[PDB]
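> After the structure tokens below, expect a handful of questions from me.
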Amino acid sequence: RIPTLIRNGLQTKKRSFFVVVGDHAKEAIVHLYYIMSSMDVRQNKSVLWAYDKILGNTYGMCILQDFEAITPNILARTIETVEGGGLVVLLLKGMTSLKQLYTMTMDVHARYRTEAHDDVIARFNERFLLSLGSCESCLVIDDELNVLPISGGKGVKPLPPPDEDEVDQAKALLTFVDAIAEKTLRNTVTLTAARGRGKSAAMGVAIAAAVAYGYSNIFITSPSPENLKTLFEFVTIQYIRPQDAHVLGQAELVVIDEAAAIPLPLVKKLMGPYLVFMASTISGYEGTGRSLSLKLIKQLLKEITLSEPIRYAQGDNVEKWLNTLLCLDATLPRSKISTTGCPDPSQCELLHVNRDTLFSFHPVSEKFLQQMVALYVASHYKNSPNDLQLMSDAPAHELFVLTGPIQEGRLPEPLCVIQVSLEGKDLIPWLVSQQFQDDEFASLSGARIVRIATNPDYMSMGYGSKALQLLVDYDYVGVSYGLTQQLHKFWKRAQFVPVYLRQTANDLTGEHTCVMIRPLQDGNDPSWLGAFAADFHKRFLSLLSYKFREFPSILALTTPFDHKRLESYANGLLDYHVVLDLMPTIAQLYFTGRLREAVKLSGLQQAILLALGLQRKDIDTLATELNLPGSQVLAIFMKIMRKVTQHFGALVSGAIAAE
Amino acid sequence: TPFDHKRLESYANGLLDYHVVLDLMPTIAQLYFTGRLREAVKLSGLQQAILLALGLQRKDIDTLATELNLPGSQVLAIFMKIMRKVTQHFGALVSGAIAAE
Amino acid sequence: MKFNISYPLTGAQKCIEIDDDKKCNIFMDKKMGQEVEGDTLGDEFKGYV
């Protein structure tokens, strides 16, 4: 049966999607047991069960348990890991019931929706059914199917034999790479490709290929790590991360893995001192949008691309499936495939559309939303299906599009898009209460502008603001972005008010993330905005010093509350920086506190509170002095805060701790 | 403090160096907190935004020289001038006397 | 950190998955059977011990 078919698959170097749809116990569990025994690419298979750590390894056969919930990113990542002949068994609920399935049963994975209870996500199911149904490639086994026909397999059955599967890199390694010429030999190369293309392996070759003594010595850097393992394993590779990397200049050829992830400022400086190989993943989950990639490239570039996967043969139906399901395809930035495409000429028109557009397939259909998705996704530094699922099923998702000429069914492409995500009642609706003063902040509703993007050909038209206005047009609106003097004014010009400036530079952008709100209702939202804004005002000195970068908080622009915050750190989980900065409530408290503010009290981890807050001593340093095991430091800081408050006012603190 | 005023005048009116007045907040940062002026982009206490960018921001001398468009050395002069301006805004009569003696 | 939270009084066995790091940070360096203030879970646990 399928075991014969499995033999064909590994020979072809392809993988297939096996869908088990039915009762949880019936089709799903028992069949999985049977399949494990039966399907033996090798004896059986590894059959890793998924219901990030996994990538370096590969496995024969795996199971994805969507019965309750479907996390698409996980599905895509899992596929990339599977070896040749492997089967990805997708466990689904009863097929008839699946679309509606999700409600009480719900898509548990609804961590995209994040309503109190999980919901249906019909649209996603519909898209899924479309791709699945389209061709014969995926095997659908439904319960109540006494016998399932298996196209392909032993005997004559459907599956046209691919050639036995078993040059692109070689053409690339030294070869395109021999950078010597009238033009400079030293320059920057940028190889980009989808996952599993061999970018790393390609990057590894150059390491030895250049020999310490001989061709030359190399170097390597990367963002939050990324699998450094393949490149070096394929590799003198040594690794100092970019920031630490900023130290001294030894090497002839630098290689940076997925540089798009690294801050423009840091990246640019580094590229100047040497010759580099720039690698970046695109067209997949956790890849980088090609729209952004161009802007990034422009900053320079000799760019090259690799088309074929090392792990499987091209045309692998499993991979095609995920790409289509996930909407991996990039085409809109260069051009649309139609008479129109590429720049979007004409007068830009602002309009809104609902999620419902998702089901209908006619004018305003899957296509319109799909096009919007491609544009926003394309413009982001990182791409993720969570975004896609949210767009499809999540409630509280609203879109506005800026489109070029519209007339007949087919017209030119969209110039811009705005995606609003209601939030309230992640990012603007999780933190305002953890980071802000009102415990209640989480209760209201607002729409975060998760993503806004204007086609690069069209930018600086005012379409961006036009998009926002349309959003407001017919408690508040919010946005969180990496702070830039430039971006802030855009939002300020938008009518946003600066809410918060956090502590940690965006790992990717390198700028600190700020939050702003555009007050829609006066009842409490302008109140929360103003109150936070005022709080930030008090905090301003604290933040600037704390920043290290010590950037002053302009924000979009040219106490009893403290007691509550303080109690929250002392009595509860609120983090140190939230209370702390140079002097938010925490430093404020140290100034007042007679206690050990100094060697022990104040506000922070070290002298427990003071040495970190005042001194800026390291966590490790005070752990030794204080003789704490680590983690315990925070506990001590909290305890120190509690002590100071009690000294100040015993009765007040007791009540606060209580409620 | 009144002692701070004297120190501040010494930087503004005379040669006393920045760190002496400055640190994170000796008299100089103290002055920036109080000062309504350009403490931020221009005022405060230090070389950069002239005073604030160095004192608050910890921006490099080279960095503000470019933004401020100073030749170098001139930065200190500008910092001093900025300090003088802030003091005058705070109290004109007091600063005049201090400058004098 | 997954949680197997039991409720004496009634006999309520529930399981909670808490992925975000920041919340669980309060259980770190605490001893067995200590008094937990489940407000580092502003969610469904508003004022719990």
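Ligands are numbered from 1 in the order shown, chains are lettered A, B, ... in the order of the structure tokens, and residues start at 1 in each chain.
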Output as a PyMOL selection string all residues of segment 430-648 of chain A that backbone DSSP marks as helix (DSSP H, G or I).

chain A and resi 431-435+439-443+463-473+485-493+525-547+560-571+576-580+585-592+608-615+619-626+632-648

> Set the distance at 9 Å and use only C-alpha atoms: which residues neighbour segment 81-97 of chain A once local chain neighbours fewer than 5 positions away are removed? I'd like the list as a VMD selection string.

chain A and resid 6 to 24 27 to 29 32 39 41 45 47 54 to 69 75 102 142 to 143 196 311 to 313 318

> Could you please take those selected residues and save C-alpha atoms as a PDB file, in the first residue's frame?


ATOM      1  CA  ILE A   6       6.957   5.439   0.293  1.00  0.00           C
ATOM      2  CA  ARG A   7       9.714   3.617  -1.557  1.00  0.00           C
ATOM      3  CA  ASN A   8       8.961   5.558  -4.683  1.00  0.00           C
ATOM      4  CA  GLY A   9       9.021   8.798  -2.760  1.00  0.00           C
ATOM      5  CA  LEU A  10      12.439   8.380  -1.271  1.00  0.00           C
ATOM      6  CA  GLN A  11      13.771   7.276  -4.618  1.00  0.00           C
ATOM      7  CA  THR A  12      12.375  10.482  -6.145  1.00  0.00           C
ATOM      8  CA  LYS A  13      13.630  12.478  -3.153  1.00  0.00           C
ATOM      9  CA  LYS A  14      10.139  13.866  -2.571  1.00  0.00           C
ATOM     10  CA  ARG A  15       7.840  14.030   0.426  1.00  0.00           C
ATOM     11  CA  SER A  16       4.088  13.924   0.646  1.00  0.00           C
ATOM     12  CA  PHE A  17       1.375  15.263   2.867  1.00  0.00           C
ATOM     13  CA  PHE A  18      -0.766  12.567   4.387  1.00  0.00           C
ATOM     14  CA  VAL A  19      -3.904  13.939   5.892  1.00  0.00           C
ATOM     15  CA  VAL A  20      -5.671  11.888   8.501  1.00  0.00           C
ATOM     16  CA  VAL A  21      -9.082  13.343   9.049  1.00  0.00           C
ATOM     17  CA  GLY A  22     -11.606  11.856  11.403  1.00  0.00           C
ATOM     18  CA  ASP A  23     -12.309  11.203  15.049  1.00  0.00           C
ATOM     19  CA  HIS A  24      -9.463  12.021  17.335  1.00  0.00           C
ATOM     20  CA  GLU A  27      -8.517   8.103  12.451  1.00  0.00           C
ATOM     21  CA  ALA A  28      -5.992  10.014  14.265  1.00  0.00           C
ATOM     22  CA  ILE A  29      -4.430   8.040  16.981  1.00  0.00           C
ATOM     23  CA  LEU A  32      -0.717   7.030  13.508  1.00  0.00           C
ATOM     24  CA  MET A  39       5.863   3.039   7.102  1.00  0.00           C
ATOM     25  CA  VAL A  41      11.700   4.393   4.862  1.00  0.00           C
ATOM     26  CA  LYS A  45      11.075   6.296  10.897  1.00  0.00           C
ATOM     27  CA  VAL A  47       8.380  10.050  13.471  1.00  0.00           C
ATOM     28  CA  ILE A  54      14.709  21.076  16.053  1.00  0.00           C
ATOM     29  CA  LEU A  55      16.205  22.538  12.796  1.00  0.00           C
ATOM     30  CA  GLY A  56      19.775  21.228  12.507  1.00  0.00           C
ATOM     31  CA  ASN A  57      18.444  17.709  12.564  1.00  0.00           C
ATOM     32  CA  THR A  58      16.276  16.021   9.967  1.00  0.00           C
ATOM     33  CA  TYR A  59      13.834  13.225  10.513  1.00  0.00           C
ATOM     34  CA  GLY A  60      12.081  10.554   8.543  1.00  0.00           C
ATOM     35  CA  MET A  61       8.362  10.938   9.057  1.00  0.00           C
ATOM     36  CA  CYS A  62       6.630  13.240  11.501  1.00  0.00           C
ATOM     37  CA  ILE A  63       3.196  14.045  12.835  1.00  0.00           C
ATOM     38  CA  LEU A  64       1.561  17.416  13.269  1.00  0.00           C
ATOM     39  CA  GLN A  65      -1.391  17.499  15.660  1.00  0.00           C
ATOM     40  CA  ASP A  66      -3.871  20.066  14.403  1.00  0.00           C
ATOM     41  CA  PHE A  67      -6.815  18.099  15.804  1.00  0.00           C
ATOM     42  CA  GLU A  68      -7.449  20.928  18.336  1.00  0.00           C
ATOM     43  CA  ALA A  69      -5.317  23.645  16.899  1.00  0.00           C
ATOM     44  CA  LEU A  75       3.772  23.104  10.269  1.00  0.00           C
ATOM     45  CA  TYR A 102     -13.155  25.344  15.921  1.00  0.00           C
ATOM     46  CA  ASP A 142     -10.904  10.278   5.763  1.00  0.00           C
ATOM     47  CA  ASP A 143     -12.596   8.167   8.368  1.00  0.00           C
ATOM     48  CA  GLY A 196      16.931  24.570   2.404  1.00  0.00           C
ATOM     49  CA  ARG A 311      17.575  18.084   1.040  1.00  0.00           C
ATOM     50  CA  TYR A 312      14.851  17.258  -1.526  1.00  0.00           C
ATOM     51  CA  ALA A 313      14.298  17.261  -5.249  1.00  0.00           C
ATOM     52  CA  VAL A 318       4.972  18.763   0.108  1.00  0.00           C
TER      53      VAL A 318
END

> What are the closest atom pairs, with distances in Å to one decimal, for all residues of chain B lying within 10 Å of chain A? Consider only C-alpha atoms, order rows by chain and residue number, and present the result as a tab-separated table.


residue	atom	partner	partner_atom	distance
B:24	CA	A:545	CA	8.4
B:33	CA	A:541	CA	8.1
B:39	CA	A:552	CA	9.8
B:40	CA	A:552	CA	6.7
B:41	CA	A:552	CA	8.4
B:52	CA	A:552	CA	8.5
B:53	CA	A:552	CA	7.9
B:54	CA	A:550	CA	9.4
B:55	CA	A:545	CA	9.2
B:56	CA	A:545	CA	6.2
B:57	CA	A:550	CA	4.2
B:58	CA	A:550	CA	6.3
B:59	CA	A:549	CA	8.0

> Can you pull out every residue within 6 Å of segment 69-84 of chain B, counting only C-alpha atoms, but drop anything in the same chain fewer than 5 positions away, and send it as a ChimeraX atom specification?

/B:12,43,46-47,50-51

> Could you make a table, as a Markdown table, of the residues of chain A that have an atom within 8 Å of an atom of chain C, each with its nearest atom pair and distance in Å to one decimal, counting only C-alpha atoms, in chain and number order?


| residue | atom | partner | partner_atom | distance |
| --- | --- | --- | --- | --- |
| A:571 | CA | C:37 | CA | 7.7 |
| A:572 | CA | C:40 | CA | 6.0 |
| A:573 | CA | C:40 | CA | 4.9 |
| A:574 | CA | C:40 | CA | 7.3 |
| A:575 | CA | C:22 | CA | 7.7 |
| A:631 | CA | C:28 | CA | 6.0 |
| A:632 | CA | C:29 | CA | 5.3 |
| A:635 | CA | C:29 | CA | 7.4 |
| A:659 | CA | C:47 | CA | 7.9 |

> Any chance you could export the current selection's C-alpha atoms as a CSV table (one decimal), in the first residue's frame?


chain,number,residue,atom,x,y,z
A,571,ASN,CA,4.3,42.2,45.9
A,572,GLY,CA,4.1,40.9,42.4
A,573,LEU,CA,6.0,40.1,39.2
A,574,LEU,CA,6.4,43.5,37.5
A,575,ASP,CA,9.9,43.7,36.1
A,631,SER,CA,17.3,34.7,39.7
A,632,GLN,CA,17.3,35.2,43.4
A,635,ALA,CA,13.8,38.2,44.4
A,659,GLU,CA,-5.4,44.8,46.9

> In terms of the shortest atom-to-atom distance over only C-alpha atoms, which of A:350, A:499, A:655, A:48 is closest to residue 405 of chain A?

A:350

> In Å to one decimal, how far is atom CA of residue 398 of chain A from atom CA of residue 337 of chain A?

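For atom CA of residue 337 of chain A relative to atom CA of residue 398 of chain A, the distance reads 26.2 Å.
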
> Run DSSP on the backbone and give me the residues of segment 199-326 of chain A it puts in strand (DSSP E or B), as a list in words.

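Answer for segment 199-326 of chain A, restricted to strand (DSSP E or B): residues 218, 219, 220, 221, 253, 254, 255, 256, 257, 276, 277, 278, 279, 280, 281, 302, 303, 304 and 305 of chain A.
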
> When you look at residue 403 of chain A with a cut-off of 9 Å (counting only C-alpha atoms), what residues show up, excluding the ones that are within fewer than 4 positions of it in the same chain? I need them as a ChimeraX atom specification.

/A:344,346-351,412-417

> So what do you get for atom CA of residue 76 of chain A versus atom CA of residue 281 of chain A, distance-wise?

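Spanning atom CA of residue 76 of chain A to atom CA of residue 281 of chain A is a straight-line distance of 14.2 Å.
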
> Can you tell me how far atom CA of residue 257 of chain A sits from atom CA of residue 279 of chain A, in Å to one decimal?

5.1 Å

> With only C-alpha atoms as the counted atoms, please give the residues lying no more than 9 Å from residue 331 of chain A, apart from itself and same-chain residues fewer than 5 positions off, as an MDAnalysis selection string.

chainID A and resid 336:337 342 374

> Find the residues around residue 6 of chain C up to 12 Å (only C-alpha atoms counted), leave out those fewer than 5 positions away in its own chain, and share them as a list in words.

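Once the nearby chain positions are removed, what remains is residues 11, 12, 13, 14, 15, 16 and 49 of chain C.
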
> Between A:639, A:1, A:512, A:183, which has the minimum distance to residue 154 of chain A (counting only C-alpha atoms)?

A:1

> Within 12 Å of residue 1 of chain B, counting only C-alpha atoms, which residues qualify if same-chain residues fewer than 6 places away don't, as a VMD selection string?

chain B and resid 7 to 8 26 to 28 30 to 31 34
